[PDB]
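Before any comments, here is the structure.
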């Protein structure tokens, strides 16, 4: 099949430049128009420009021209989008995509290079148990929690009992705040089980090589 | 000969002069209160519209007076000193109403060559009115009430010395043609011939190119061979190389369009029809972005031209009839025309051809003010 | 023989 | 630039119902309009091209319509899979322009939230910090408002919250809310309250604790 592989998430700091990649495989590279998009988690896309590799000839959207180039390597069969003077406003996803065509069955997207801008450097999390303040005698359900705080960059995966806790679990997404991510997770369990059955939130932040557990103990 | 111009035929003209009066009035009272209420301030183009719309409103002032003369089968009611006045005063405004159109059209031409305060309006505005009088003294002099030979009626007529009536009544009729039509139109028409000349230079005719682009795409879109696809594109390239020659960035739109045809030519020299096809599928979005630009600019060049035309039509449509019959009336006075089927109809027509000259007074307000608001 | 009859 | 105005933004379908999605145009775009689907922020799937032209792979139940200035995407029977974003794109003239998009989400009888509250851990307290968490779990519709209180008084600053996107299993929403205070101020004030505004109760849903 035709495929577009984009270089995976860069860690970037305000004002610095970037060079997001787009390996093109399946089709002969020098023959097809290649676009570049932008997207913000909750919004619709925004077109940046096209380039034709067989020439190198380009055009861009006005908004992006000031702060976005495009460049092509023939031999390697890879496309680049060089951005600069980056700030919180370029905190978005980016796709190289062969556009829709009448005479072809399909259009062909990348898979999205996630770009975050923030001054902070690699920073281990700080896991904190969340046991019910007051141990009320709930008839059927008791909810415990875990709180992974003040870390950078993404991702971090939180489990319960090293995987065996998919029943009643809600991991809430990461949230940037003064250049650090916070994250949480619930878990409802029968009053019969806990605390007799030990329950542990298993955090892991691979950028800091970090792995942590907290058994969620009462008060 | 000397005809009985009175018939059942001129029964119309009393009431039209009223329509022209009341319609020509409201319309021209508006034009005055626009400039009268807020003024230019110091606006040269709007100062000429005034003196015109004023002169127009003085022409149109007297029409219920002349509505009698045609109602009473050429029996003038107002006695021989009143006949001299309104006769001269009519010719005065006519000649002024026309000579301000002369100015307006020369102003509008300069408005187009040098698009950028009133000063010379001090000469041009008086100088017109002044000559409109100096041109109207011959009329004041010879105008008079005479019991007319045939009708048995006391008529308001250009009474020259009987001895050479033919001579005077002709040369006078020629001086209308020259001073009221032949010269004013040299000024008015060659102005149109300046806008046409400077909205062809200040521009390019790229539709000769645009058709090629639009033609050779529908070829590519339903092509069978690589031959045709290479053909279409080699024409679409030359189209864009000229179009390129022709602030605005419009020139980059043709940098992009070359650099989309060259790439698709490159595909078509390989023998890739579907690739070349989909390559010109993108062209269309370049062309569509830039065809659309071209049409908004050419509609601004369009409304300019259509109004510079409507000015010279309104003129010719109202003041050619009167000035032809005057040239025949005049040729007959010299003795070049004899047949009295003609002279019957010249003096049965001039009534209407005249009323038209006054319709122009009713019309200039629509041409010169009402357009734009 | 005639005259100029019309308003102009 | 050619603005592309999608309407509406939200729309509560039921697996079985046909649905129409309005995508109007500030100027003429001809038939050069394309629809899209996107679920988890990932590369979007081309559903329909040139307004009504069918795509190989896409199921029949998707059909496009309109032309020039006003286009619509008639899904002839929505199923569970069909939820997510839908984006319309003009291919007419640079710059290419997208709709702000129409989010499709499942309909269901309403659900008042399950409100848990948590204090700071002993772990976080020696750290030199103190974060009060409160979970609003398994509610519908999406509409919910959160308000923290410290001894009756309201508290806005040092608060940042996260929302789940509609669940797959029950199709409920869930919300979390972290009140992050300096430990200094935390163990000056005694009471801590989590006030929640949902379309079930007229007067809100609340949890509290007192060290």
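Read-outs throughout are calculated quantities, based only on the coordinates presented, and are distinct from any laboratory measurement. Cβ coordinates were reconstructed from backbone atoms using ideal geometry, including for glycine residues, and neighbour counts include every protein chain displayed.
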Debye-sum result for region A:126-215 in log10 I(q)/I(0), which assumes one identical scatterer on each alpha carbon, at q = 0.25 Å⁻¹: -1.29
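Quick one: if the Förster radius is 45 Å, what FRET efficiency do residue B:82 and residue B:309 give, using the C-beta to C-beta distance and rounding to 0.05?
Values: r = 41 Å, r/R0 = 0.92.
The calculated FRET efficiency here is 0.65.
Translational D (Stokes-Einstein, µm²/s) of region A:3-117 at 10 °C and 1.306 mPa s when Rh comes from the Kirkwood sum over C-alpha pairs?
Numbers: Rh = 14.4 Å.
So the translational diffusion coefficient is about 110 µm²/s.
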Gyration tensor over alpha-carbon atoms, region D:4-106, equivalent ellipsoid semi-axes in Å: 21, 14, 13
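Suppose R0 equals 30 Å. What FRET efficiency, 1/(1 + (r/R0)^6) with r the Cβ-Cβ distance, do residue B:302 and residue B:12 give to the nearest 0.05? Write out the running numbers ahead of the final one.
Numbers: r = 38 Å, r/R0 = 1.28.
Calculated value: 0.20.
Step by step: find N for chain B, compute 2.2 N^0.38 Å, then divide the Cα radius of gyration by it. What's the final number?
Details: Rg = 30.0 Å, N = 373, 2.2 N^0.38 = 20.9 Å.
Against the compact-globule rule of thumb, the ratio is 1.44.
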Calculated diffusion of region B:218-267, Stokes-Einstein form, Kirkwood radius summed over Cα pairs, 4 °C and 1.567 mPa s, µm²/s: 111 µm²/s
Relative counts (whole %) of C-alpha pair distances in region A:57-203, using bins that are 10 Å wide: 9, 26, 22, 18, 15, 8, 2, 0
Range of Cα positions in region B:199-318 per principal axis (Å), largest first: 66, 30, 19
Space enclosed by the convex hull of the alpha-carbon atoms of region A:47-104, per residue, Å³: 117 Å³
Range of Cα positions in chain D per principal axis (Å), largest first: 66, 38, 30
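Viscosity 0.692 mPa s, temperature 37 °C: what is the translational diffusion coefficient of region D:114-209 from Stokes-Einstein with a Kirkwood Rh over Cα pairs, rounded to a whole number of µm²/s?
Working: Rh = 14.1 Å.
In µm²/s, the coefficient rounds to 232.
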Normalised contact order of chain D, rounded percent, pairs of Cα under 8 Å and 6 or more residues apart: 18 percent
Cα-projected label distance for residue B:110 with residue D:79, points at 7 Å along beta-carbon direction, nm: 7.9 nm
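Regarding the protein assembly as shown, what is the average projected area of its C-alpha convex hull, in nm²?
Values: hull surface 212.5 nm².
For the protein assembly as shown, the mean projected area of the Cα convex hull comes to 53.1 nm².
Averaged across A:95-106, how many Cβ atoms of other chains sit within 10 Å of each residue's Cβ atom?
Values: counts 3, 0, 3, 1, 9, 13, 9, 8, 8, 7, 5, 6.
Other-chain Cβ atoms within 10 Å of each residue's Cβ, averaged: 6.
Report the FRET efficiency, 1/(1 + (r/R0)^6), for residue A:166 and residue D:27, where r is their Cβ-Cβ distance and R0 is 56 Å, rounded to 0.05. The partial results should precede the final answer.
Values: r = 51 Å, r/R0 = 0.90.
After rounding, the FRET efficiency stands at 0.65.
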Cα centroid separation, region D:3-36 to region B:5-68 (Å): 57 Å
Computed label-point distance, nm, for sites residue B:120 and residue A:209 using a 7 Å Cα→Cβ extension: 8.9 nm
Relative contact order, percent, region D:4-106 [alpha-carbon distance under 8 Å, six or more residues apart]: 38 percent
Solvent-free Debye scattering, log10 I(q)/I(0), computed from the Cα coordinates of region B:1-156 at q = 0.08, 0.11, 0.14, 0.19 Å⁻¹: -0.32, -0.56, -0.82, -1.20
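So what is the calculated 222 nm ellipticity per residue for the protein assembly as shown, using -39500 (n - 2.57) for each DSSP H run with n of 4 or more, over all residues, to the nearest 500 deg cm²/dmol? Intermediate results must be reported in sequence, preceding the final value.
Numbers: 16 runs with 287 residues, N = 811.
The helix contribution divided over the protein assembly as shown gives -12000 deg cm²/dmol.
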Compactness of region B:262-373 - radius of gyration and Dmax, Cα, Å: 29.2, 84
Nitroxide proxy distance, nm - points 7 Å out along Cα→Cβ at residue A:141 and residue B:163: 12.8 nm
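Is the C-alpha gyration tensor of region B:228-297 telling us rounded, prolate or oblate? Criteria: a/c under 1.5 is rounded; beyond that, a/b larger than b/c is prolate, otherwise oblate. Walk me through the intermediate numbers first.
Numbers: a/c = 2.62, a/b = 1.96, b/c = 1.34.
Judged from the Cα gyration tensor, region B:228-297 comes out prolate (a/c at least 1.5, a/b above b/c).
Full-extension gain between residue B:183 and residue B:207, please, as 0.36 nm times their residue separation minus the C-alpha to C-alpha distance.
Details: separation 24, 0.36 × 24 = 8.64 nm, distance 3.73 nm.
Separation in residues times 0.36 nm, less the Cα-Cα distance, equals 4.9 nm.
Work out the mean other chain Cβ neighbour count within 10 Å for the residues of B:263-270 and drop it here as an integer. Before the final figure, lay out the partial values.
On the way: counts 9, 2, 0, 5, 5, 0, 0, 4.
Per residue, the number of nearby Cβ atoms from other chains is 3 on average.
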Length-normalised contact order for chain A - Cα pairs under 8 Å, 6+ apart - percent: 18 percent
Cα centroid of region A:158-205 to Cα centroid of region B:91-153, whole Å: 96 Å
